[PDB]
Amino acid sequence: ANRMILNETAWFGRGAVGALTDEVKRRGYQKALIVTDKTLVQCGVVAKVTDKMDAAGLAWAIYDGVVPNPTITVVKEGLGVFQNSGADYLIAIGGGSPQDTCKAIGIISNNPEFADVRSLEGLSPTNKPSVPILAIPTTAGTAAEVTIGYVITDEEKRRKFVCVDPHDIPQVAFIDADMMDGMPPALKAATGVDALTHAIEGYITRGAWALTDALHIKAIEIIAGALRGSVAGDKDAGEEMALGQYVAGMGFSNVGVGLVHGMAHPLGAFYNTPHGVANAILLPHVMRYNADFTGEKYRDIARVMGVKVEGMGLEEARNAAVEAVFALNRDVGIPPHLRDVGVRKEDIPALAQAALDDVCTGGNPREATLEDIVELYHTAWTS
């Protein structure tokens, strides 16, 4: 049998954060700890929520110590602030980095034996549900509001580790493009191709079945339809992106992804590479590697990305899908090679070993060796 973890309650559309104060009152919670980052505070995005909480008369403290590719130190610091604050619930406001940090804090608080943080890696054997989380994404990106996965950086061991736990599922998700509009075009592109990567990897993942197939092929159609428009400042396309990224979440959380995420994670660990930029550069090269092990599925990807596949042979349709991704990356301004984002040639062996051991690689529909991954890094590295 196949398990699906989803949000019991989610609110969708511009003004969705409007529903937060009523949801909190209904659940009888006392005091929030908002988990977020310096930018989202300074930019006024956090105030969009806190102003409504102030008006509703709902108490909150804040932790904005989160940095991109959040570290063990960031988690431990956040858990301390959560403890000193007297909060009884969590509000995650931001992208994957603040939301993953929130999940770790929420989990360790009710599962104190995991306080070293790195011991959460894998299928965390937690006995207790997280401290309730209310989740408000600010990127059109990670779907952390609906997934059971979170990614923390172990700096001592220079690796990103994936934690997978149904106990970390937020009680309510607020998916509001008014929280997303501040994203610089480059961030919309990076988080948008992260979402496309979730949906493409999820579509072809080893554990894929009919329900996740339906969710993923819909997310690919929405994301591929909307991302250029959203990067160009189109407000309706940003709302479409907000839905597409979430629908990708509903799928990949529950079945897995593949070698793109496997190879992206060590780039974050080694260089602090933005996760979506890493995914974006790797994705077409990994799709090529995986192509002959995906059955009819690249035909579907090509069709909902705007290719006429009607009279195409299967290998022709597979190339069309790969080229459609190279073209999207070009159109939204992601550079074509890993060298362009500062990946060192010397590091490929260590990166390849880290990728081989990443939790995500297990879902890849083609079984990757060390030599395959070394070669993929090289192919993606330069022309």
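Numbers follow the displayed sequence, beginning with 1.
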(request) Would you mind comparing 177-185 and 194-202 for me and telling me which has the higher average C-alpha temperature factor in the entry? (result) 177-185
(request) Compare the mean C-alpha B-factor of 210-218 with that of 124-132 as given in the PDB entry, and name the stretch with the higher value. (result) 124-132
(request) Please work out which residue in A248, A92, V307, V151 has the highest C-alpha B-factor recorded for this crystal structure. (result) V307
(request) Quick one: which of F252, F82, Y298, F293 shows the highest Cα temperature factor in the PDB entry? (result) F82
(message) Could you place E145 in the lowest, middle or highest third of its chain by Cα temperature factor, using the values in the record?
(response) lowest
(request) Ordered by C-alpha B-factor within the chain, which third holds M312? Give me lowest, middle or highest, please. (result) highest
(request) Consider only the C-alpha atoms of the modelled residues in this chain, order them by B-factor as the entry records it, and name the third containing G276: lowest, middle or highest. (result) lowest
(message) Quick check for you: using the entry's CA B-factors within this chain, is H265 in the lowest, middle or highest third?
(response) lowest
(message) Going by the CA temperature factor in the PDB record, which third of the chain does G233 belong to: lowest, middle or highest?
(response) highest
